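# Descriptive analysis of the structure
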Amino acid sequence: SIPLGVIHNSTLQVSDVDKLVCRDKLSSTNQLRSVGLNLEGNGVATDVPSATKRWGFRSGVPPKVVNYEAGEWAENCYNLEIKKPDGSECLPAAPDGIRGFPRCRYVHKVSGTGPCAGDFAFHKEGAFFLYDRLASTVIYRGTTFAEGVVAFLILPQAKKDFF
Amino acid sequence: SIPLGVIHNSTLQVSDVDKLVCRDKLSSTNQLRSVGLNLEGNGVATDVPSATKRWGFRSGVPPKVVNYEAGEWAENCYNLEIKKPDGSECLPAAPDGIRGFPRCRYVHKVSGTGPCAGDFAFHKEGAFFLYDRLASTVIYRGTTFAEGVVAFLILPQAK
Amino acid sequence: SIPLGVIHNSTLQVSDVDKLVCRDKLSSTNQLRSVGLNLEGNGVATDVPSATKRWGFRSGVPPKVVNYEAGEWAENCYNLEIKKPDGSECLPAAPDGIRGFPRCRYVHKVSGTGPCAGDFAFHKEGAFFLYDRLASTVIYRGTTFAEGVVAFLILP
Amino acid sequence: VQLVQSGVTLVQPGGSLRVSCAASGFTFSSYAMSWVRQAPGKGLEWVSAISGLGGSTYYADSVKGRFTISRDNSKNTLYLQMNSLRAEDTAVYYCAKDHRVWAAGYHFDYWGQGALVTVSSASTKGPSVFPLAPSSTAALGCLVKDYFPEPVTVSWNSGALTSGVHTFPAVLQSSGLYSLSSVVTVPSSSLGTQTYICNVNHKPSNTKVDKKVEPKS
Amino acid sequence: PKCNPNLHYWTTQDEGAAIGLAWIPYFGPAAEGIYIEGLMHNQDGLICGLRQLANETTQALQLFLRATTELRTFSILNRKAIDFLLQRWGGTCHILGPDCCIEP
Amino acid sequence: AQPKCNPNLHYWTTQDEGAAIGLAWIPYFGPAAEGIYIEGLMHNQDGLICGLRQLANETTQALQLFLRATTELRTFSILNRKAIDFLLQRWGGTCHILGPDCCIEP
Amino acid sequence: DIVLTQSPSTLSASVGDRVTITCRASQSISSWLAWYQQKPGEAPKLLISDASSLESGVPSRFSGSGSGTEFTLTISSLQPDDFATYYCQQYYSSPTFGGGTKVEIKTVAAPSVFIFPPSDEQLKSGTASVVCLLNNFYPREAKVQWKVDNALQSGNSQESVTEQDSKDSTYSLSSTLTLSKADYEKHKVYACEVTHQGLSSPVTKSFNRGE
Ligand SMILES: *[C@@H]1O[C@H](CO)[C@@H](O[C@@H]2O[C@H](CO)[C@@H](O[C@@H]3O[C@H](CO[C@H]4O[C@H](CO)[C@@H](O)[C@H](O)[C@@H]4O[C@@H]4O[C@H](CO)[C@@H](O[C@@H]5O[C@H](CO)[C@H](O)[C@H](O)[C@H]5O)[C@H](O)[C@H]4NC(C)=O)[C@@H](O)[C@H](O[C@H]4O[C@H](CO)[C@@H](O)[C@H](O)[C@@H]4O[C@@H]4O[C@H](CO)[C@@H](O)[C@H](O)[C@H]4NC(C)=O)[C@@H]3O)[C@H](O)[C@H]2NC(C)=O)[C@H](O)[C@H]1NC(C)=O
Ligand SMILES: *[C@@H]1O[C@H](CO)[C@@H](O[C@@H]2O[C@H](CO)[C@@H](O[C@@H]3O[C@H](CO[C@H]4O[C@H](CO)[C@@H](O)[C@H](O)[C@@H]4O[C@@H]4O[C@H](CO)[C@@H](O[C@@H]5O[C@H](CO)[C@H](O)[C@H](O)[C@H]5O)[C@H](O)[C@H]4NC(C)=O)[C@@H](O)[C@H](O[C@H]4O[C@H](CO)[C@@H](O)[C@H](O)[C@@H]4O[C@@H]4O[C@H](CO)[C@@H](O)[C@H](O)[C@H]4NC(C)=O)[C@@H]3O)[C@H](O)[C@H]2NC(C)=O)[C@H](O)[C@H]1NC(C)=O
Ligand SMILES: *[C@@H]1O[C@H](CO)[C@@H](O[C@@H]2O[C@H](CO)[C@@H](O[C@@H]3O[C@H](CO[C@H]4O[C@H](CO)[C@@H](O)[C@H](O)[C@@H]4O[C@@H]4O[C@H](CO)[C@@H](O)[C@H](O)[C@H]4NC(C)=O)[C@@H](O)[C@H](O[C@H]4O[C@H](CO)[C@@H](O)[C@H](O)[C@@H]4O[C@@H]4O[C@H](CO)[C@@H](O)[C@H](O)[C@H]4NC(C)=O)[C@@H]3O)[C@H](O)[C@H]2NC(C)=O)[C@H](O)[C@H]1NC(C)=O
Ligand SMILES: *[C@@H]1O[C@H](CO[C@@H]2O[C@@H](C)[C@@H](O)[C@@H](O)[C@@H]2O)[C@@H](O[C@@H]2O[C@H](CO)[C@@H](O)[C@H](O)[C@H]2NC(C)=O)[C@H](O)[C@H]1NC(C)=O
Ligand SMILES: *[C@@H]1O[C@H](CO)[C@@H](O)[C@H](O)[C@H]1NC(C)=O
Ligand SMILES: *[C@@H]1O[C@H](CO)[C@@H](O)[C@H](O)[C@H]1NC(C)=O
C-alpha cells in the first residue's frame, strides 16, 4: 500500500494500513490532497554538472505519469535540448496536456550533444521529473521541469493549514 | 462542491453539502447519471448568424473534455469547416474516440474565410459543445455538435 | 450488472444483485482482481487456420479497451501482418502503452494478402484479443496477442 | 419586485443572529440572490451569495468561517444565519436580485432597504446632557455624552425652534459609547429675553431630559 | 425563461435492455443506431427544473475542469459516490446521532 | 543543528473553491493557464514542513512499484482509490457494536 | 485579489454640467462592470450594467464606455435628483466596490468659529470636553487643529460633519476635545485653530480656564 500521511493537532504522524483507528474522520474527498515536493530544496547542491549525473537513459521500460495537485516553488529548473551526432532528437516530444513547471525563478537552458544510449531518460536516484500537475519518470524535450517527489496526505477540516 | 440534485417523488430538489439526510438512499452506481441539455430548450435563437457571434477564438487555455451519458434530440446542429485566406485550418482535427452528435434534425454547414485570434474556439456564454458522450469546451473541425450544458442528478429508481 | 464471482469456502457461490450477504468481508481494494482466461483452456482448435476463420472485418464499430491484471501462459500466440492488393495496411498500428503478450510459447506469424473490407478486424465468437494488461476488441498490426476472456473475482 | 429586510436587530460579541430577506412580486427561484453589507462611512462590501437553485453557496474569505446563507424557494425568503459576530461586522446588510442574467451572474438591479446589525455590545445607559453656554448673533448648544445604543433625537422647545438647528452625526468613542452634539444660532438680544431648552428623547434607555442653557459670569 | 415541457432524450442504458447476440464485435450494431429513444412529458416541474440545474452546474463544473489536468475526465460520477459514503460513515458513527444513520 | 530541511515552504497550487464569483469561470474570458495558480506560504513551524519532505521521499519507493504494475500511461485514480480503501476497512465487513474493527459507539 | 480604484472621490459640479467619473480596475476584467447610485439613507440603485446597456427606468442621459481596464461613467447633464454616491462593481473577480464618488455643488462661504468650555455639571462627573464649532462654511474641505498652551494635540480630537442644508447649502462641522478633569486643570489656555478656503488667514479662538 502506498504510504498515506495523517495530520493531527499541531502534530503529524503516519497511518498504518493494518491498524484501524475510528478517531480519524474523512468527511469528503476534498480533504485528500497530493503534494509534490522538489528534491532540489531539501539537502542537495543545485548545479548543472551534478544534474546530468543523476539523469540517465534506459530502454525496455515504458514511461509512467502520475498527477500531483500541490507543488512547491522551484528555485532552479531545467530545460533540455539534446541531440545525437547525427542530429536526431534524444528526447521525445511532450504529449498533449503536459506543460512546463508553473513556478521557476531561474530556468537553466541545456543544449548539448550526447550519446543517448536508450530510448528514454530516467533518474538514477528515482526522483520524479515534475511537470505541470503531472509527475513523469522520463524527460520530455523542450519542457521546463524540476526534480521532485509526490506525497499523499489527509487534510483536517476544522482549521485550514493547507489550501 | 459540484451541485447534485435529488428527486424524492416526481419533484427535483437540491440538498446542500453541509446538511446530511439519511432518508436519501444510494443503492448502486446506476442511480447516478449525467444528463446534457441543449440550449434549444432555453429559448435562445438557433439561427446561424447568432451562433457564430456567440463563439469566439481564444489561446492560452487548454481544452477540457467531460463525459455525459444522456442527451437530448437537437433540432438544429452545426458543422464547421472554416479556413483562412492562407488556407490554414483554425479548428483542430477531431481526436480519436470523438464523433458527431448522434441525433440531429438539421445540420448547418458553414464554410467561409475569417480570422482566428486564438488557437481554439470557446463559447463566450460558457456553454459546452456537445459531441458523442464527450462534452468539450473547444470546437473541432468537421464534427457536428450542439450547444448544451450538463447536469448531475440522483434517481430513486427502486423502492 | 457485470458479473462478480466470490470465493469463500473454495466453492463458487452466486451473488445476485438483489441479495445482500453480510458475511462476505471486503477489507481493501487489493482483494478485487481481474483475471483473463485464454480460449486454449476451452478446447478450441489452436491451429492457425481455425483462428483466422473466426476473425472478420467490420466497420462502423469503434474499438474498446479494457484492462486485466492477471493472465495465463499461452501455448499459441498470433501476430498479424496483413495488407491488401494495393499494399495498404489492413490493420491499424498498435497505440501507445500497448505491448505484446509477455508469455507465449509459440508465436504464429501470418503475412498474406486478404480482402480486408472493413476498418477494423473483430472476432466472430466475441472473444477478446489479449494484450499486455489491456484487452481490445480489434486486432493491432505487428502485435502478439492471445484469444481470451476476462472475469472479475473477490479474493478473501 | 420588492425585497424586504428585517427592521432592527441588536447583538452581543460572538452572538448569533438571523436576517430574513422577504421577496415577492416576481419569480424567486429563477434568480440567485446575494448579501451586501455597508459599514457606516465605508463602501459596500459583499458578504455572501447563493445560487438560484440553492445547491451552491458562496462566502467571502473573511465571511466564510462565521457566516451561513440559506434560502427557501417555497417561502421566497432568504435567511442569513450569523455566528461569532465581531465589531467589524456591524453594518447595514442589503439583499438584492439579479439585474439581467438568469441564475448565472451576480448583477443587481433592485436592492432591499437594508437591515441594521450592531455588534458593539455595550450596556444600555442614559445619556449625560451637558449644556454649552453662549459667548459675548450668538451660538449655543447641548452635548450628549456616553449614550448607547443609537438613536438619539434632538429637538428645541418641543420642536418650536426648527430653524437654524444643526444636529451633528453621532461619533463613536474609544470606550464604545456614542456622543452627539447639537447647536443653534440665535440673535444676541433674543438670548436674554428668551429661554432655550434642548430635548433629548432616547427610547432604549428611556431617558428624556430637558436641559435649559443659561450663560452666567 | 423559455422552457420545453417535453423532453425527448437519447441515451444508452447498460442494465435496462440486455438483448444478447448483439455484443459480438463483428455483427454488433452501427455507431449511429446503438442509441435508444425516450420521452418525458406531462410534468411541469421535473422537465423545466432539469434545464435550470445544468445551466447552473456549468459554473462549478468549469472550475473543476480547469483544475484537473486530465484531457478527459470520467471520474466526476465516481467522486460523488465516494463523498456520499464518506460524509455518513467516514467517521465514528454514534448511535442516535445527527450525522450517523443508525436507528435501533 | 539540522538545517538541511527548509522550514519555510512556499507552495504553488490550484484553487478549488477559492473564488466564489460566477462571472469569470468561462474559459474565453477566463485567466490564462499560467495564471490560474494560487500561492501560499507556511512558516514558523519546524515539524510540519520537514515531515512532509520525509514522507514523499519514502512514498516514492512504494509509488514506483505501483506505476510499473499498472499499464495506464497516466493514473489519476491513486488518490481516489485510497478513499475507497478507507471506507472498505471499516464498514466492508459485518460491523459489530462495541467491536474493535467496527466504528459504532452507543 | 482584485480591487478597483476611483480617481475622483468628491467632485464639485452644477446643474446641467457634464460629469465624468473614471473607475480603473487593477487587472483586466474585460467588459464586465457596473455602476451604482446610493442616496443618503437610501438603498443603492443600479445605474448601468456591463458598461454598455442601461437598465429600464433609468434616465437616458446616463451613459458609459470603455473596455478592459479603463471605464468612464459620463453624465451629459446633471440634475437635482442626481446627487448621490456612485460605486463601480466588477464581476470578474471577487466582488469589489469602489471607494465611491460623492457629488456636491460648488459658492465660497466664511466659517464662523465658536468655542465652548466644558460645562460645570460636566466637571463634577470628572470629565471635561471642549467643543469647537464651525458653521455655515462651504466648500466642504476644512482642517481643525487643537492647541492647548500653544501645543498641538493629536488623537484626542473627534469631529463630525453634517449634511448639506437644502436651503442655504452650507455644511457644519463640530470638533470635540475630551480630557480628564486633572489634565484640564493643569493647562490654563485652550485654543481652536480653523483653516478654510474662505478665510485668507486662519482664525483662532481661545479661552482661559475658569474665566
Ligand atoms: C443560462 O441561461 C441564461 C438565460 O438564458 C443565459 O443568460 C444569457 O447570457 C447571455 C450572455 O451572452 C446574454 O446575452 C447578452 O444579451 C445582451 C442583450 O442584448 C439584446 O440585444 C441583442 C441584439 O439584438 C439580442 O440578440 C439579445 O437577445 C438582447 O435582446 C433583449 O435584451 C433585453 C435587455 O435589453 C432582454 O431583456 C431581459 O430579459 C431578462 C429575462 O429574459 C430579464 O428580465 C432582464 O431584466 C431583461 O433586461 C431580452 O431578454 C433580450 N432578448 C429578447 C428576445 O428580447 C447583449 O447586449 C449581450 O451582448 C454583449 O455581450 C456579448 C458577450 O458575448 C458581446 O459579444 C457583445 O459584443 C455585447 O457587448 C456589447 O456589444 C455592443 C455591440 O453593439 C457594443 O456596442 C458594446 O460596447 C459591447 N459592450 C461592452 C464592450 O462592454 C449578450 O449577447 C443573454 O441576454 C442572457 N439571457 C437573458 C435572458 O438575459 C446564460 O448564458 C445561461 N448559461 C449557460 C452556462 O448556458
Ligand atoms: C531521499 O533523500 C536522500 C537524501 O537526500 C537520498 O539519498 C541519497 O542517495 C544517493 C544515491 O545515489 C546518494 O548519492 C551517493 O553518494 C555516494 C557518496 O559519494 C560522495 O562522494 C563523491 C566523491 O566526492 C561525491 O561525488 C558524491 O556526491 C558524494 O557526496 C557526499 O556523499 C556523502 C555520503 O552521503 C555525504 O556525507 C554524508 O553527510 C551526511 C550529513 O550531510 C551524514 O553525515 C552522512 O553520515 C554522511 O555520509 C556528503 O555530504 C556528500 N558531499 C556533499 C558535499 O554533500 C556516491 O559514492 C554515490 O555514487 C556512486 O554510488 C551509487 C551506489 O549505487 C551509484 O548508483 C552511483 O552511480 C555511483 O556509482 C558509480 O557511478 C558512476 C557514475 O554514474 C559509474 O560510472 C560507476 O560505474 C558507478 N559505480 C559502480 C561500481 O558501478 C552516490 O552519488 C546520496 O549521498 C544520498 N543523500 C545523502 C544526503 O547522502 C535518496 O536518494 C532520496 N530518495 C528519494 C526516493 O527521493
Ligand atoms: C463460450 O464457450 C462456448 C462453448 O465452447 C463458445 O461457443 C462456440 O460458439 C461458436 C460460434 O461460432 C461455435 O461455432 C459454431 O459451431 C457450429 C457447429 O458446427 C459443427 O461442425 C463443425 C465442422 O465440422 C465443427 O468444427 C464444430 O465443432 C461443430 O461440431 C459439433 O456440432 C454439434 C452440433 O451438432 C455441437 O453440439 C458441438 O459442440 C460441436 N463440436 C463438437 C466438438 O462436437 C457451426 O455450425 C457454426 O458455423 C455456422 O455458424 C456460424 C455463426 O457465425 C457461421 O458464421 C458459419 O458460417 C456457419 O453458418 C452456416 O453454416 C452452414 C453449415 O453447413 C453453411 O452451409 C452456411 O453457409 C453457413 N453460413 C450461412 C450464412 O448460412 C459455428 O462455427 C462453437 O461450436 C461453440 N462451441 C461449442 C463447443 O459448440 C463461445 O464462443 C464461448 N464464448 C466466449 C466469449 O468465449
Ligand atoms: C492545534 O493546536 C493549537 C494549539 O493548541 C495547543 O498547542 C498544541 C501544540 C497542543 O499542545 C494542544 O494540546 C494545545 O492546546 C490550537 O491553537 C489554539 O486553539 C484554540 C481552540 O482549540 C484557541 O482557543 C487558541 O486561541 C489557539 N491558540 C493557542 C491555544 O495557542 C489550534 O487551534 C489547533 N488546530 C490546528 C490544527 O491549528
Ligand atoms: C408524489 O407527488 C405527488 C405530486 O402531485 C404528490 O401529490 C404525492 O403526495 C407524492 N407522494 C406520494 C404519491 O406518495
Ligand atoms: C471450507 O471447505 C472445506 C472443505 O474441506 C471444509 O473442511 C471447511 O469446513 C469449509 N469452511 C471453512 C471455513 O474452511
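The rules behind each value
Residues numbered from 1 in each chain as written, not as in the entry; some residues may be left out. Chains lettered and ligands numbered in written order. Part of a larger assembly, values for the part shown. Heavy atoms only, no water. Helix = DSSP H or I, 4+ residues; strand = E, 2+ residues; numbered from the N terminus. Rg over C-alpha atoms; globule rule 2.2 N^0.38 Å. Near = heavy atom within 4 Å. Polar contact = N/O pair within 3.5 Å; in protein donor to acceptor, adjacent residues only side chain to side chain. Areas by Shrake-Rupley, 256 points an atom, 1.4 Å probe, with all protein chains shown as cover. Nonpolar A, V, L, I, M, F, W, Y, C, P; charged D, E, K, R; others polar. Contact = heavy atoms within 4.5 Å. Buried area = accessible area lost by both parts, 1.4 Å probe. Salt bridge = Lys/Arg side-chain N within 4 Å of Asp/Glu carboxyl O.

In the PDB archive, X-ray crystallography is given as the structure determination method for this entry, at a resolution of 4.250 Å.

Each helix and strand in chain E was counted, giving two helices and four strands. Order of helices (α) and strands (β) in chain E, N terminus to C terminus: β-β-α-β-α-β. Its C-alpha atoms give chain E a radius of gyration of 20 Å, more than 25% over the compact-globule value 13 Å for 104 residues. In terms of overall dimensions, chain E has a C-alpha envelope of 55 × 45 × 40 Å along the principal axes.

Taken together, the residues surrounding ligand 2 are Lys-53, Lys-124, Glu-125 and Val-149 of chain A together with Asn-57 and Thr-60 of chain F. More than one chain reaches ligand 2: the nearby residues come from chains A and F. Interatomic distance of 2.5 Å between a side-chain N/O atom of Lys-124 of chain A and an oxygen atom of ligand 2. Measuring from an oxygen atom of ligand 2, one finds a side-chain N or O atom of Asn-57 of chain F at 2.3 Å. Taking 1,600 Å² as the accessible area of ligand 2 by itself, protein coverage stands at 22%. Here the shell around ligand 2 is built from residues that sort into one nonpolar, two polar and three charged.

Right, let's talk about the environment of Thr-46 of chain B for a bit. Looking at where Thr-46 of chain B falls in the secondary structure, it is placed in the loop between β3 (32-38) and α1 (48-54). In this structure the side chain of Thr-46 of chain B is engaged in a polar contact, spanning 2.7 Å, whose partner is the side chain of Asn-76 of chain B.

Another aspect to go through is the arrangement of the chains. At no point do chain C and chain D touch; the closest pair of C-alpha atoms across them sits 31 Å apart. Here chain C and chain G are not in contact; the least distance found between their C-alpha atoms is 41 Å.

Moving on to the interface of chain D and chain E. Taken together, the eight residues of chain D in the interface contact seven residues of chain E. At the boundary of chain D with chain E, total buried surface from both sides reaches about 680 Å², with 56% on carbon and sulfur atoms. When the buried surface of chain D facing chain E is broken down by residue, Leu-53, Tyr-58 and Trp-102 of chain D rank first, second and third, together holding 69% of it. Taken together, chain D and chain E are joined by zero salt bridges. Applying the counting rule to chain D against chain E returns three residue pairs in polar contact.

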